[PDB]
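Have a look at the structure below before the remarks.
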Ligand SMILES: Nc1ncnc2c1ncn2[C@@H]1O[C@H](COP(=O)(O)OP(=O)(O)OP(=O)(O)O)[C@@H](O)[C@H]1O
Ligand SMILES: Nc1ncnc2c1ncn2[C@@H]1O[C@H](COP(=O)(O)OP(=O)(O)OP(=O)(O)O)[C@@H](O)[C@H]1O
Ligand SMILES: [Mg+2]
Ligand SMILES: [Mg+2]
């Protein structure tokens, strides 16, 4: 077989010299024997003089120049099919649940072409999440692409777990969860919750496949695990013909990972230090996620926002790839208004009068008009206070404050640390409640009665409890 | 190795080729694996090829052959109703393209002499645009604004509006639309094509798509080949409207290519000649003289600002190149003003010459009232007392602002715009409750179309309000306001 | 030249060496002058050594020799009561280190399956933290704030409190403390060691010091070697707590290394992988399953913000990595509200699983009360109920004040939080609340010691215990 | 000027203006491919203006008796006093005569902003 | 009595307005310093990348 010698090691990058002039094609997997077992490297460039530059999928520590490298003859390839359901898979496709080999009859490369233009299929069906702000102001689309945006410590993870809990059971198809550079603790928490609620069943049929490249991993692994998740999801979409949920947390960690290796690969840094290839790398990854005429993929993605800067090239470029967006904000979180969704920046394709009907569209647009007026009056309220506002501006500010607090909602997942019982609200109930609030029917209710409740019925009940 | 070379190195979409002594700059080459490339860099011992595909196919030692061809694209009326990639290959899944010819991508713009002054309107059907920032045929009107503000909505309404004339017989009015999708995801283009086909606007449109996954050179090269496609109509006495959605993503693609070729970076790491890029692209939009068949090509560049920062490199470049701007803002969007055009920042430098005479006549004072309103609103917000005239200014300006609201995919003919702007500007709306303006419009048109159809017919066919038409319009407005 | 090399060049803390053919990546090498280094770059025909020391000690042409070891440090229980540098050399002057073994500085954090849910308390003895921001064993809780706001005070009181159990006989309750001073003044670390020795907390603590003057690589390395030291306790079924003071200064030292290696500066001129620096460090804090021996390693990273900006790059990174945050506010600290916890921004996602059941009972629905009090203050900036809320919130906040080096056991916290939430403090003037606690506890120790012992032993308030606490509280409050 | 200073005479020197000298020095340094600093100025521009301005001196009787008095001119874009080169020179010199555009266009000329203008030698030099 | 109360209330209202505006000035001065440092850093990064091409 084709064999080579390691000539250079820097960080995650390794250069291999092949005296056999038939070099491995780019993206080929190469294997080094180590006390850990095999270390897998991915060919990234051809440098000339029979030298290829490659990215290590695990720690390069312990490598020695002159160490032998074997060419596998193909890209990194992962198990596919129903044998992956109910199991946790590593970036290079090995199981890490300690339950032995994955016995899939097929194994597929993680690098593949996106579906052609002719294969695209488009639809406008609402995915009811049970979350007031999302269902009202930014409805999710079945078979569409969904993105949570948010800085550190605003609740991306709790929101993702709430979406999983609400949607996985109702979906009924298959599911894939890909942890890309996120907390290992929460990987374990998700695993045990899924195993207790029966969606994972070690003694029987399971409906979710797990892939994890969590944040402890070297950048080489984090830059590729998302493609393994995509490969399993695509096998469900195209070959099984099923309907697939594909959760990714956190897709920004993919882009960031490339940046970490970008300098070592010899590229000139782009703005704020990102790799030149950011836009095309992220396109090549993300536009594989599309639904097609063969099947539907409903993908929910968490996107990190460095330093809360939504203008950062990675979130900014990610915005172009989504049908629905939910921008979590620290400014909202500091008010204690969980789930901290920004009701003005959050935006969705499906908030269209032809999709949601005229009543829902009117309620949402009036809500956003009220909130925008209240935000426009912030400086005046801060400096002069409420008294000097026009009287209808006073009324609008009161209703805007009540709408703000009414958009908060306690998730069952957060009950562990909020102590507020989980609550779920249907779409029609949400629309009716906010129409009632806009129409002034509940102007006499104190605003704290709106905080952390679900539905206007709970608002009136909490008004009773506050009156007692 | 005069007409052939061999790859020295390859990666990240760039190949370095030894030999190819006789290759021309920007010439196409074919690798033995079948992938194609474009020779951007000629150097004393190397050629820098940018690949139109996955570099998995190319490898060191790969043989490379000259094509002897600069980039060219098929052109002609056979592309109407088709979706094509950056090189003119059909991607809609239908049959081949019946090209009338082929045209290079990089082409010299028409000089000083061939052109003629812009004097024909591009009727967008948007009240705000047609009333306050007119677009003329041969103009280059920038559409600029933050993400998800309505840029594509404005361009798409402009495309949809042309169905009034594209079904007619007069070839001098018909405007053929080219839409260039750069960096967009293929599903967005699919939704766009279903929107066009649902409204039956596709039969006179062309889509050039260089989506997110397509190699950086194609995203770079799509606007130029789309311009070459549009230029056939210009050069054969017809009229074309080309929408570049979005040029910022093309600039990003060129930054990728230039950085990977190791060309010296500039501000924000953009290459030193990106202004040359957008300028040599946009100067091709022109209005030609009778000696050249009087054709035209109109450009609507789309630019996505980040956080409203217009001081950025590319925004400033394109703002300084184009003939004006349509500024979209999120604040206006959430206040309920759709298409959310900031009429204070928006400017058309071709100006009233591009405006239908009737709408010029009635819209004259609209700009003044809106400027005064924007100046005065600070008094109301600041809690200060209001003089009588300032209160009148507010009552007028709020209703004019309400009157420019418009639903998506619902463009208005100028016979329908003129009565509304007339009624608003003359103060006949001042008594109506601010909530009911939308009810007024829908009713008032329904009234005029039923009981005053002669006015609409004459406004359309003449395009100008004679004194008799204006007096009759006054009488009709007073009649209906006395509902 | 296989096992030795010669320095080609020296500069900016980097030594380019010729030879060392058989060197392993990140191997520890020794220079002729005794200074050591890490072989970070393996390149064709040369190696780049990062120097764990001043480059004055290295000259061109000097011999460099392999060690055969990836950078590693001694570990074991013999380090208890010792101060060591970033590489485990003793600096307290008390003699050699009785290592139970050696462990690499950087190690893969335990994966998803080895771990367990966090379900035991790290008793800080601070009323505000134990009540509102529970910290669990295996949690990794950020302490973040502006300079001189009590960050080290919070960590140090948490360390001191463990004396209640580390003197006992049950290792299921003991918690051994590791503390890294990174970029801190050496005099500050000396005085901190003195403070621990005064309170007898030294005999179970370990201090790993990379003070301000020491070469940047040592400041970069110290957190990893201290994590390795704590991982010995983690892996052997013991419980450890590791404090990083600060991680920000580690990030600054890593930025120094990365820019002197001439790697591209990113946001705020930090290198692109500054995230990975803290992520691979903090993921090592874990709670292990019964199959893995049930040990744990709790982490308390300390972050210094400028002007209170939690939105900065490094603060947001660490907030992304940790399980929560304790935000220490300068504005509260100036007004004498110490430990100065900002209860609005402070959160512990582990939450109830880490809390003692009795505190979960009495402190139930208290987290909401204080943020509601802050909102009431904003609204005033009155309704009768809002006046009552203001009166009770002020006095609850007075209960949350606490003097330094004075941690309270939960048996002492529970009566006070009970009296607060149940409104008994509402009749006592604010100035006397500090006396109330001291008297109130003194009464329960004097006349109701059985109640306190029951609270300690059972960990929960039954109906009988809750009613007895009510009766004693009312009896004292009336008295 | 230092010839008059050294030989027992008094000299006044007006640098009109130091901003453009700094610009020219930046041009030289960048075209010599020396490492840039803040705002692309060289790494030692402060050592340009200090090297220049500390030659203005008042000599003791043992060194003859001579003075060189420097009035550097600085042009602040948009009136920004916090710019780099102005920040350097303001610290370099013994005071400021600050001219405000608003006063100049009000017709108050020479338009000296008395609030910002200060002489740190001050009253010691003033005529009694 | 109404006139006296009005003038006293306006005194106190303008006092509160000035104090609130001062607090906002402190906040925006902090934000300005942060933006100043960020702008300098970004421009310098652009220059350094240009030099090290
Ligand atoms: N006139 C309008 N009335 C109502 N909604 C509108 C109008 N114009 C646009 N929208 C809505 O605004 C949202 C964004 O529209 P659009 O896609 O045209 O924006 P864009 O600025 O081109 O966005 P992007 O940068 O994401 O491509 C969509 O929900 C669209 O339905
Ligand atoms: N609860 C408290 N009561 C009284 N004084 C306190 C309290 N907590 C801290 N202090 C005092 O506040 C000052 C700062 O404390 P400390 O050194 O812990 O802060 P820090 O945030 O770690 O500071 P730095 O950024 O300088 O390291 C010291 O005088 C300490 O004694
Ligand atoms: Mg768009
Ligand atoms: Mg401290």
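Chains as they are written, first to last, in PDB author numbering: chain F, 8 to 475; chain C, 27 to 509; chain B, 27 to 407, 412 to 509; chain A, 256 to 383; chain G, 224 to 276.
All residues carry an ideal CB built from backbone N, CA and C; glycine is no exception.
Name the chain F residues whose beta carbon is nearer than 9 Å to that of residue i?
i: residue 240(G); result: 390, 391, 392
i: residue 249(G); result: Under the 9 Å cutoff, chain F gives no residues; its nearest Cβ is about 13 Å from residue 249(G).
i: residue 243(G); result: 389, 390, 391, 392
Per DSSP, which residues does residue i bridge with? Please list them.
i: residue 186(F); result: 219(F), 256(F)
i: residue 53(B); result: 96(B)
i: residue 202(C); result: 266(C)
i: residue 67(C); result: 74(C)
i: residue 271(B); result: 207(B), 328(B)
i: residue 108(C); result: Looking at the DSSP assignment, residue 108(C) forms no beta bridge with any residue, so it has no partner.
Starting from the C-beta of residue i, find all residues in its chain whose C-beta is less than 6 Å away, skip the five residues before and the five after it, and write them out in chain order.
i: residue 490(C); result: 383, 384
i: residue 213(F); result: 92, 93, 207
i: residue 192(C); result: 200, 230
Determine the chain G residues that contact residue i at a beta-carbon separation under 7 Å, and present them in chain order.
i: residue 294(B); result: 264
So residue i contacts chain A; which residues on that side make the cut at Cβ distance below 9 Å?
i: residue 267(G); result: 291, 292, 293, 294, 295
At a CB-CB cut-off below 7 Å, which residues of chain F make contact with residue i?
i: residue 399(B); result: The premise fails here: residue 399(B) is roughly 12 Å from chain F at the closest Cβ pair, so nothing lies under 7 Å.
i: residue 70(B); result: 14, 15
i: residue 156(B); result: Here the premise fails: no neighbours, minimum Cβ distance about 14 Å.
Under 8 Å Cβ-Cβ, which residues of chain G neighbour residue i?
i: residue 275(F); result: 272, 276
i: residue 288(C); result: 276
Residues in the same chain with beta-carbon distance under 7 Å from residue i, minus the five sequence neighbours each way, listed in chain order, please.
i: residue 84(B); result: 33, 36, 41, 57, 59, 61, 77
i: residue 275(G); result: none
i: residue 113(C); result: 99, 251
i: residue 52(B); result: 64, 65, 66, 96, 97
How close, in whole Å, do the beta carbons of residue i and residue j come, if the pair is a contact with beta carbons under 8 Å?
i: residue 186(C); j: residue 256(C); result: About 18 Å; that fails the 8 Å criterion.
i: residue 23(F); j: residue 37(F); result: 6 Å
i: residue 19(F); j: residue 62(F); result: 6 Å
i: residue 463(B); j: residue 420(B); result: Contact doesn't hold; Cβ gap of about 15 Å is too wide.
i: residue 336(A); j: residue 272(A); result: Rounded, the Cβ-Cβ distance is 15 Å, inconsistent with contact.
Closer than 9 Å by beta-carbon distance: list the chain B residues that pair up with residue i, in chain order.
i: residue 234(G); result: Under the 9 Å cutoff, chain B gives no residues; its nearest Cβ is about 19 Å from residue 234(G).
Residues in the same chain with beta-carbon distance under 8 Å from residue i, minus the five sequence neighbours each way, listed in chain order, please.
i: residue 297(F); result: 121, 122, 127, 152, 304
i: residue 87(C); result: 32, 33
i: residue 194(B); result: 200
Determine the chain B residues that contact residue i at a beta-carbon separation under 7 Å, and present them in chain order.
i: residue 223(F); result: 134, 135, 305, 306, 309
Closer than 7 Å by beta-carbon distance: list the chain C residues that pair up with residue i, in chain order.
i: residue 354(F); result: 174
Hey, which residues come within less than 5 Å of ligand 1, measuring from Cβ to any heavy atom, in chain order? That gives 173(C), 174(C), 175(C), 176(C), 177(C), 178(C), 179(C), 364(C), 365(C), 434(C).
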